[PDB]
């Protein structure tokens, strides 16, 4: 049971929709991952912030093992005793009226889009099927037909049939462009990420979120914040928009909502926006199952009273201050918030970001390159200062070996 057998066998019996890093992880706990040959690695991807609480956090595992013996799925055609308990906990946590439970991040964005359109027709008064939704250039909220229709990345939409109408694209971190776009009364909502992660951790200028809220409120437009990756204590707060005291109309949550043990996502908004969807007009089979709700309550509790937001904030400050000491001729820029950071590599034909992640894997650290010149660093929020500094020493050892 070796690694290259795993590589070739997945290549033979699995779809070629991914080009992952050559490493076959078998075990994982906290901030560490072990492959099949026993080698230990620092996890600096966190499954795209899906295991912020670390791999197999014990409290989440205990909640999953406790609920699997009782009940797993009844479908939303009946009631169960756990779904509402998770609903009240997350609604009082983020201080919104209601929450709509889905499974994956795509479904949370699809739910937000249908909520915005239904709201624009029944509340805003838009002529039916003429409403439009604005997206920031370089956004990523999944890979459905609707999701790739609002993407500016050719690798996501090229060759996938016609595209979703009613999707407008404005540049990211651009108040004048949003102000020009919101002049159309048919615009129902503007969906944006507080920090564009999949584009290379692109942090907007300070005051951008406050301006987006002011523009959406002034022009009667729903502010949709995709916090599926940025939210849940990674950037340093419960939501990344909390850094500017901004309350979006609709908030999206995912990934870290379960600590990597279950596909759980949530859509939070107030009554006048949520109640636009009548009974039987939206839902999902696994959406809101008791098992996923138990592990979501456990993940949110171990996010709150294990102190991981300020932990990620201070360790991210240390991480960025340490990365900026590398010379400016090999590291073009260092950006990020909390434990969600990235660096830019002066890519040439001598090296690129992929070869760095290969050599980082050889030295015991797993990272993800997003464009051949950008490398992301996002360790689980349970990491400590000594472990972080040892990881950065692996980063410096790898970079200074070229």
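Each form is matched to the other, and the largest set of C-alpha atoms that superpose within 1.5 Å is called the rigid core. Residue numbers count along the first chain shown, from 1.
Enquirer: Once the rigid core is matched, which of the two stretches, 346-354 or 28-36, lies farther off on average in 9 other deposited structures of this protein by C-alpha?
Expert: Larger mean C-alpha displacement, comparing 346-354 and 28-36 in 9 other deposited structures of this protein, is found in 346-354.
Enquirer: Tell me which of 33-41 and 344-352 has the higher mean C-alpha B-factor in the deposited entry.
Expert: Comparing 33-41 with 344-352, the higher average CA B-factor belongs to 344-352.
Enquirer: Should the higher mean CA B-factor in the entry be assigned to 306-314 or to 214-222?
Expert: Result: 306-314.
Enquirer: Sort 195, 330, 267, 148 by C-alpha B-factor from the entry and give me just the highest.
Expert: In this record, 330 carries the highest C-alpha B-factor of the candidates.
Enquirer: Checking the record values for 99, 298, 116, 181, which has the greatest CA B factor?
Expert: That would be 298, according to the entry.
Enquirer: Lowest, middle or highest third: where is residue 321 by Cα B-factor in its chain?
Expert: Top third by C-alpha B-factor.
Enquirer: For residue 288, return the chain-relative third of its C-alpha B-factor as stated in the PDB record: lowest, middle or highest.
Expert: According to the entry, residue 288 has a C-alpha B-factor in the chain's middle third.
Enquirer: Quick check on the deposited entry: does the C-alpha B-factor of residue 84 sit in the lowest, middle or highest third of its chain?
Expert: For residue 84, whose C-alpha B-factor we compare with every modelled residue in the chain, the answer is the highest third.
Enquirer: For residue 199, does the deposited CA B-factor place it in the lowest, middle or highest third of the chain?
Expert: Its C-alpha B-factor belongs to the highest third of this chain's values.
Enquirer: Place residue 234 in the lowest, middle or highest third of its chain's C-alpha B-factors, as listed in the PDB entry.
Expert: Middle third - that is where residue 234 ends up once the chain's C-alpha B-factors are sorted.
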